[PDB]
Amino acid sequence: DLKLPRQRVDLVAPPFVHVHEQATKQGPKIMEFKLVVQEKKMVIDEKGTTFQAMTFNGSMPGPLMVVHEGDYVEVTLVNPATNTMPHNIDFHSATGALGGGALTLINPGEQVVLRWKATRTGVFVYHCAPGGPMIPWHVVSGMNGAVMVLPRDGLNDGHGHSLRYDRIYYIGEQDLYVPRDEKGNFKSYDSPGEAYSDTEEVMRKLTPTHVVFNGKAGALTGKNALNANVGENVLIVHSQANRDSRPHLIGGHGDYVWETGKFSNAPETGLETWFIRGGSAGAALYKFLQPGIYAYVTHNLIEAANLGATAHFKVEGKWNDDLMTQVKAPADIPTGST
């Protein structure tokens, strides 16, 4: 019945994004994606703490899917027989059937195929939602990602000017609720099911033990810092499926920010810190003006520095002393100071 060209997309692991066009003159297509659920123990912090994760495609977050307004998105969701739990998928981008969750519940050993029309532009969360208390548990166990639905003319500033990014990164932020023993040490389990009761008790007190980008403390620091160059316009897509976040690029700004994440609304300009509502994605464009290290954080600095929520950008280029300069290096306070 639906007689449109089909295009298969190969997803890539965050924080990278699969190849796509911004502006397009192609007409609507059926864009075909595959997501495979993987339950596995994962390391989440720099001390080696593990937890029983549940993921789309083996990553936290799940991969970013990119389509254009008016495309149809045909998703095959696979739940391999090595998994222990039923899973499904809910797209905040989609209309009807609890975002697709009501049509995608699959037991281990099954797959399902859902199609949804991309009628709404923006970045949106997708997440597992099997029913009842399983909804938060699967989400906070890692089963969430995002999809971006671009206008066919690409982004704009809300005032009739096109905006084009040179690079895009997807930062998925995850709140984790890891059980502790009586002495405060994190507990380990042999399966997600075995971890559930203790995990739910932590969840109920609404205070995460970890808040991480790309699935673990330090994931996007060191050798996995995000690269850019002076003069490049970088789009940073940020999602949080369960809990608020307040992104901030230390030493930079958000030149154009869609904090609610929807491109039918004009972006705000020149922000210091923006706000991602739990259960949403947002996006910020920034043109780098200075080289060096930048930290990208949630600006609850306790979370950023002590719970895991810091990424780095490493930016190549020449320093601009007009924008900022050290006039006088650290020196002893003059004795003739009052």
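In this text, residue numbers run from 1 along the sequence as written.
- The deposited model assigns a higher average Cα B-factor to 187-195 than to the other stretch when 114-122 and 187-195 are compared.
- Higher mean CA temperature factor, per the PDB entry, when comparing 50-58 with 275-283: 50-58.
- For the set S239, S162, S93, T260, the PDB entry assigns the largest Cα B-factor to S162.
- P86: CA B factor in the middle third of modelled residues in this chain (values from the PDB entry).
- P28: CA B factor lies in the highest third for its chain, per the PDB record.
- For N214, the recorded CA temperature factor ranks within the middle third of the chain's modelled residues.
- Ranked by Cα temperature factor within the chain, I293 sits in the highest third according to the deposited record.
- When the modelled residues of the chain are ordered by C-alpha B-factor, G172 sits in the lowest third.
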